[PDB]
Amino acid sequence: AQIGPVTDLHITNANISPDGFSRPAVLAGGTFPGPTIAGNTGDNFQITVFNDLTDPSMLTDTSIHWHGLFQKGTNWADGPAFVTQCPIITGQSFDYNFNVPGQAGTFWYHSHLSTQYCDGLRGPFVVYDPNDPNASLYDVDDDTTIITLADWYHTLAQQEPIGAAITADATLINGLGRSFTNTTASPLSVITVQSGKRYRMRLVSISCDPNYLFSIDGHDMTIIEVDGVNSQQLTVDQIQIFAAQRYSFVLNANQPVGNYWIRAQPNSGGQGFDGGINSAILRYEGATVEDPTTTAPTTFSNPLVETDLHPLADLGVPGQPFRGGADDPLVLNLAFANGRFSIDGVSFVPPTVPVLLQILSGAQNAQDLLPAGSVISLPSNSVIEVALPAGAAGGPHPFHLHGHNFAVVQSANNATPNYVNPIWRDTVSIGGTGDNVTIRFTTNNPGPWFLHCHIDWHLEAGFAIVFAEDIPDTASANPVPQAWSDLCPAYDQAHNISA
């Protein structure tokens, strides 16, 4: 069952064996992935998160981010530790009480403390549209049509060296899959369809690191949504999906009744499909209960290319049709050396006082804010351009902005900008050496918004900055509840920290 929009959510430790190997984890709702939280557009979500964690090897504190939801007027509920709150301590709870005006699509939730979401705290978050403009394109859209893609590690996250190239031990599709080494024939996920029906498959990357080449043997996929943004229909036979991205695609169950492999090939870790790694099963009702015998093609003739995507609505692009054609045009210097990432010469290390609480206590400008050099102010009601030139080791890096979606004016592997009709999204691959992926948005959401690589190991190694958007209006725009004001005193008392 789905839960929400008003629900408790308990965060616990438990052993799980999603690839046949048992390890302890950090779970929401007792499962990996966590239960789907759902509601309708404009609903009030009140997710009361109960921190019941006791195993210090995966951290007993926690904080949860609602990835892709704008949190306008509720910056305090966004979740990134030491940006918008102090963590919730064990044996305490916290009500994330916010609204989702003007958004409908496929999202997810995850821990936003350290690398804790890698240890299991990740699940889908779906905001349905009762008047969806795409409703007539499919028959079925429900919990059975969500497809999650996850990396899974046998080593616990807090044992992963900072700044290292860290590699997974299994790909999990809907929570199940097989290990790349010592492979055992543990259960594969089954996605069941009825011949002749059309499905809204909601594809969610809950990855901590790899991107996946996703395909379904014998089938193609008609994209209708990108990171929450409705798209024109685009039919493809393969989707390369980077960490934290989402797509909806229509699957037409138009092939002969049978079993078909679902494939998700990561960019690192096990390559291919030997022993049923990197695999799940598409089963038609009436098919024999047996593994597929289908083949992938040697090459895919209609892969997704990001410049082919266009919004369903006439979204356009803010600003003027040339580089630097914005009120506030920025170019970030994104670098890596010696185990640490930096942005504009500064490696992110979380501050003791969350950025939002520094601003509510009266800090006047971005040079008053800690960490020094890690906070950039943005002016209100202005067009922002951010160029993100690639080259830093460990690519391709999927960059994500909290509080906002953005026009992708220039995409990976293509030097030509698009000032007319590019897709809007919230997490974008910045590509490879010499690329100049560039995003635009307008500042209508006061508060501190994290900008970071969504390879969680990179975030931990410093690949982040904070956009302090409209500092002067942050306090008036984001009234805080007493339970939020109580978080830092409780956390600092529990950890014997002075502030």
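Note that the rigid core is defined as the largest set of C-alphas that superpose within 1.5 Å between two forms. So that there is no doubt, residue numbering starts at 1 and follows the sequence shown.
With 157-165 and 76-84 as candidates, the stretch whose CA atoms show the greater average offset from this form in 9 other deposited structures of this protein after a core fit is 157-165. If you average the C-alpha B-factors over 180-188 and over 388-396, the higher value belongs to 180-188. The deposited model assigns a higher average Cα B-factor to 367-375 than to the other stretch when 367-375 and 300-308 are compared.
Highest C-alpha temperature factor among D78, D237, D143, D151, as the PDB entry reports it: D143.
Note on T171, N267, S215, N131: the highest value goes to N131, judged by CA B factor as recorded. Looking at the C-alpha B-factors along this chain, the one for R323 belongs to the middle third. Sort the chain's modelled residues by C-alpha temperature factor and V408 lands in the lowest third, per the entry. Annotation for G432: CA B-factor lies in the highest third of the chain's modelled residues. Looking at the C-alpha B-factors along this chain, the one for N444 belongs to the highest third. For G42, the recorded CA temperature factor ranks within the middle third of the chain's modelled residues.
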